[PDB]
Every structure is written in structure tokens, then in C-alpha cells.
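Have a look at the structure below before the remarks.
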Amino acid sequence: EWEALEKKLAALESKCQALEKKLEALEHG
Amino acid sequence: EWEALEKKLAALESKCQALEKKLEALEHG
Amino acid sequence: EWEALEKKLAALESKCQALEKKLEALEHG
Ligand SMILES: [Cl-]
Ligand SMILES: [Cl-]
Ligand SMILES: [Zn+2]
Ligand SMILES: [Zn+2]
Ligand SMILES: [Zn+2]
């Protein structure tokens, strides 16, 4: 269960970095 | 303690999925 | 380790809220 929590948090951190990147590309690109 | 953190993670997963769909909408007009 | 997991989730929640508000602005120009 701990590993599953850590993996889900890491996946969300990566998804948020990817979304902020795509937002910046849409706004400025 | 654990159950509340899992609930917060599930709500954050729902929120990120919604942001990804909204950002895809904006990329298409 | 548990406290680190909670502080990281709190930081992700703040970052996703910021993404949400920024996407709302872009949606409107
Ligand atoms: Cl475990
Ligand atoms: Cl896209
Ligand atoms: Zn497309
Ligand atoms: Zn709105
Ligand atoms: Zn509106």
C-alpha cells in the first residue's frame, strides 16, 4: 500500500509538470 | 490518517484528469 | 517519510489549483 501511494503521487507530479508545459506552449507558442 | 490521504489523492487524480481534458479542448479552439 | 508524503501532496494540491485558475484565464483569452 505505501508503494502504491508513492507511485500514484509520483505519477501525479509528472502529469502536473506535463500539463504546465502544455499550458505554457498554448499560451505562448 | 491514511484513508484521508488516499481520499485527497483520488480527488487530485480526478482534478488532474479534468485539467487535461480542458487543456485538450483549448488546443482545439 | 509519511510527513514528507503529506507535505508533497499539499504542494501538488496547491500547484493543481494554480493550473486550474490559469487554464480558466486562458479559456477566456
Ligand atoms: Cl506498504
Ligand atoms: Cl493535445
Ligand atoms: Zn487533436
Ligand atoms: Zn469556468
Ligand atoms: Zn466563461
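All residue names refer to the C-alpha cells as shown: chains lettered A, B, ... in order, residues numbered from 1 in each chain, ligands numbered from 1 in order.
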Residues contacting ligand 1 - anything with an atom at most 10 Å away, using only C-alpha atoms and all ligand atoms - can you give me those as a list in words?
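Answer in the requested format: residues 1, 2, 3, 4, 5 and 6 of chain A.
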Result of fitting chain C on chain B (Cα atoms paired in order), as an mmCIF file with N, CA and C atoms, in the first residue's frame:
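Written output follows (superposed-v6.cif):
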data_model
loop_
_atom_site.group_PDB
_atom_site.id
_atom_site.type_symbol
_atom_site.label_atom_id
_atom_site.label_comp_id
_atom_site.auth_asym_id
_atom_site.auth_seq_id
_atom_site.Cartn_x
_atom_site.Cartn_y
_atom_site.Cartn_z
ATOM 1 N N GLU C 1 -5.926 9.093 9.290
ATOM 2 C CA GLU C 1 -4.957 9.908 8.556
ATOM 3 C C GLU C 1 -4.553 9.255 7.243
ATOM 4 N N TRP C 2 -4.332 7.942 7.230
ATOM 5 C CA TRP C 2 -3.938 7.285 5.984
ATOM 6 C C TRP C 2 -5.089 7.337 4.970
ATOM 7 N N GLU C 3 -6.304 7.018 5.424
ATOM 8 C CA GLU C 3 -7.490 7.044 4.564
ATOM 9 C C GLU C 3 -7.697 8.434 3.995
ATOM 10 N N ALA C 4 -7.457 9.482 4.804
ATOM 11 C CA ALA C 4 -7.589 10.874 4.359
ATOM 12 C C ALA C 4 -6.602 11.184 3.235
ATOM 13 N N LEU C 5 -5.459 10.566 3.310
ATOM 14 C CA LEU C 5 -4.374 10.785 2.326
ATOM 15 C C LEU C 5 -4.811 10.124 0.969
ATOM 16 N N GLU C 6 -5.419 8.942 1.080
ATOM 17 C CA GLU C 6 -5.884 8.218 -0.100
ATOM 18 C C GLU C 6 -7.047 8.928 -0.767
ATOM 19 N N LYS C 7 -8.003 9.439 0.016
ATOM 20 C CA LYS C 7 -9.183 10.121 -0.540
ATOM 21 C C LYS C 7 -8.712 11.448 -1.198
ATOM 22 N N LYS C 8 -7.726 12.121 -0.603
ATOM 23 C CA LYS C 8 -7.183 13.363 -1.181
ATOM 24 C C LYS C 8 -6.465 13.094 -2.509
ATOM 25 N N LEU C 9 -5.730 11.987 -2.607
ATOM 26 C CA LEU C 9 -5.033 11.622 -3.833
ATOM 27 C C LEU C 9 -6.047 11.298 -4.918
ATOM 28 N N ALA C 10 -7.123 10.570 -4.583
ATOM 29 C CA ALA C 10 -8.203 10.256 -5.509
ATOM 30 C C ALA C 10 -8.857 11.538 -6.024
ATOM 31 N N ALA C 11 -9.014 12.536 -5.162
ATOM 32 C CA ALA C 11 -9.631 13.813 -5.575
ATOM 33 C C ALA C 11 -8.691 14.576 -6.513
ATOM 34 N N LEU C 12 -7.395 14.564 -6.242
ATOM 35 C CA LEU C 12 -6.404 15.189 -7.114
ATOM 36 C C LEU C 12 -6.347 14.474 -8.461
ATOM 37 N N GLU C 13 -6.456 13.143 -8.485
ATOM 38 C CA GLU C 13 -6.430 12.433 -9.748
ATOM 39 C C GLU C 13 -7.609 12.885 -10.623
ATOM 40 N N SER C 14 -8.813 13.007 -10.034
ATOM 41 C CA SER C 14 -9.992 13.446 -10.763
ATOM 42 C C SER C 14 -9.809 14.887 -11.261
ATOM 43 N N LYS C 15 -9.262 15.756 -10.450
ATOM 44 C CA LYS C 15 -9.037 17.153 -10.854
ATOM 45 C C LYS C 15 -8.014 17.268 -11.988
ATOM 46 N N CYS C 16 -6.976 16.401 -11.998
ATOM 47 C CA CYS C 16 -5.970 16.433 -13.056
ATOM 48 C C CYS C 16 -6.491 15.847 -14.364
ATOM 49 N N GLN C 17 -7.328 14.896 -14.260
ATOM 50 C CA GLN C 17 -7.978 14.367 -15.441
ATOM 51 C C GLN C 17 -8.837 15.499 -16.017
ATOM 52 N N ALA C 18 -9.561 16.231 -15.177
ATOM 53 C CA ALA C 18 -10.404 17.296 -15.701
ATOM 54 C C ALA C 18 -9.565 18.369 -16.365
ATOM 55 N N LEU C 19 -8.434 18.697 -15.794
ATOM 56 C CA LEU C 19 -7.522 19.695 -16.374
ATOM 57 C C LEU C 19 -7.031 19.231 -17.719
ATOM 58 N N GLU C 20 -6.660 17.963 -17.819
ATOM 59 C CA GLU C 20 -6.161 17.394 -19.058
ATOM 60 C C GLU C 20 -7.182 17.515 -20.153
ATOM 61 N N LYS C 21 -8.448 17.164 -19.864
ATOM 62 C CA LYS C 21 -9.445 17.222 -20.922
ATOM 63 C C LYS C 21 -9.735 18.666 -21.309
ATOM 64 N N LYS C 22 -9.735 19.609 -20.347
ATOM 65 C CA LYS C 22 -9.994 21.012 -20.642
ATOM 66 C C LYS C 22 -8.862 21.597 -21.457
ATOM 67 N N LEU C 23 -7.608 21.240 -21.153
ATOM 68 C CA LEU C 23 -6.491 21.730 -21.928
ATOM 69 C C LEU C 23 -6.581 21.180 -23.379
ATOM 70 N N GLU C 24 -7.007 19.899 -23.540
ATOM 71 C CA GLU C 24 -7.183 19.322 -24.870
ATOM 72 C C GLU C 24 -8.213 20.127 -25.657
ATOM 73 N N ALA C 25 -9.275 20.561 -25.002
ATOM 74 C CA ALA C 25 -10.263 21.375 -25.712
ATOM 75 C C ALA C 25 -9.702 22.721 -26.115
ATOM 76 N N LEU C 26 -9.001 23.403 -25.189
ATOM 77 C CA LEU C 26 -8.444 24.722 -25.498
ATOM 78 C C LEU C 26 -7.432 24.670 -26.593
ATOM 79 N N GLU C 27 -6.628 23.624 -26.628
ATOM 80 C CA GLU C 27 -5.652 23.388 -27.676
ATOM 81 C C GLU C 27 -6.315 23.414 -29.032
ATOM 82 N N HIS C 28 -7.591 23.003 -29.100
ATOM 83 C CA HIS C 28 -8.348 22.914 -30.343
ATOM 84 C C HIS C 28 -9.378 24.060 -30.482
ATOM 85 N N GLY C 29 -9.167 25.159 -29.760
ATOM 86 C CA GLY C 29 -9.995 26.363 -29.877
ATOM 87 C C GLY C 29 -10.855 26.656 -28.661
#
